[PDB]
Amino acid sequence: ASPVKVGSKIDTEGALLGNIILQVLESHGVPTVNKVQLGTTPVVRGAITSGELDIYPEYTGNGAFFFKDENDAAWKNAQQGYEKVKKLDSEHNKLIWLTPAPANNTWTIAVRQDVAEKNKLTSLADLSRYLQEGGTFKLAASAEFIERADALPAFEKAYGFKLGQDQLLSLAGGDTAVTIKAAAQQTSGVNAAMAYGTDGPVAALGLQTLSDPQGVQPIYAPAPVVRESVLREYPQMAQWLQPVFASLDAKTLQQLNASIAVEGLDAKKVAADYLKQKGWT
């Protein structure tokens, strides 16, 4: 009878996933309070652990910070990271991690679709092979992404490639909308961009993210996290949200995020349309 307080983070994907959770619950007649786009990670995390939120989408790899377990190898594996934060949040905070999306919202490289399809580039390993075969390549990226040891140099080391100076366009202070745009219109001959794994502009501006099978970056997979006492009152909501989040792979999230961020569709309507199309509402 007491309404379920549904939240999310302020960003595009937060708006999308928060509205998805809210509308799934509403379609089952569950009483709700709309607190979508409440704040940043620490604000929503503080809110759910204080009871100001009952459920919101959180990202698996953030378990590294929640449990002071930075540099644990588990966060570099999608399944191991999920299971780890799920176990820890249950026992320590009575927070239940539901089904995670198969997507990984983390740093990667996105390549122009034409170049990716022509050269069969799916993963960062494919990219490395293409480069060592003399493939034409120029990456737009932030100075930070280029220099930080855990960013481009980590990809380079793990996948065995090296970008020369003429294969880089350094853009001072991000952000990925700008680097993606550079590849999209081939600025200074750029054909690839620094991007996040579920970036809306990747879909809208005609790029394709590369996968990270080696697990160089920690995995940030979004999942509903719900207070145990609330799940206790509506146990069925795990079942409701399972096929929904199972369907959210990277390309799907890129398209939905693009609808909102690039083309200015209402996040509420984008969520509603998706749920209706897939037949969950």
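One-based numbering along the sequence shown.
Next item on the list: Higher average CA B factor in the deposited record is what I'm after, so tell me if that's 67-75 or 157-165.
Entry: Between 157-165 and 67-75, it is 67-75 that shows the higher mean C-alpha B-factor.
Checklist line | Average Cα temperature factor in the PDB entry - higher stretch of 54-62, 40-48 | finding: The recorded data point to 40-48.
Notebook entry, point to check: If you check the C-alpha B-factor for each of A110, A143, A140, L205 in the entry, which is highest?
Noted result: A143 has the highest C-alpha B-factor of those listed.
Margin query: By the CA temperature factor listed in this entry, which of these ranks top: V225, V244, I219, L231?
Written below: If I rank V225, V244, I219, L231 by C-alpha B-factor, first place goes to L231.
Note to self: Among the modelled residues of this chain, does the Cα B factor of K86 put it in the lowest, middle or highest third?
What the structure shows: For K86, whose C-alpha B-factor we compare with every modelled residue in the chain, the answer is the middle third.
Notebook entry, point to check: Where does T179 sit by CA temperature factor within its chain: lowest, middle or highest third?
Noted result: It falls in the bottom third of the chain.
Check: Lowest, middle or highest third of the chain for the C-alpha temperature factor of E13?
Finding: It belongs to the lowest third of the chain when residues are ordered by C-alpha B-factor.
Item checked: Third of the chain, ranked by Cα B-factor, where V115 sits -> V115: CA B-factor falls in the lowest third of its chain.
Check: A192: which third of its chain by C-alpha temperature factor?
Finding: Its C-alpha B-factor belongs to the lowest third of this chain's values.
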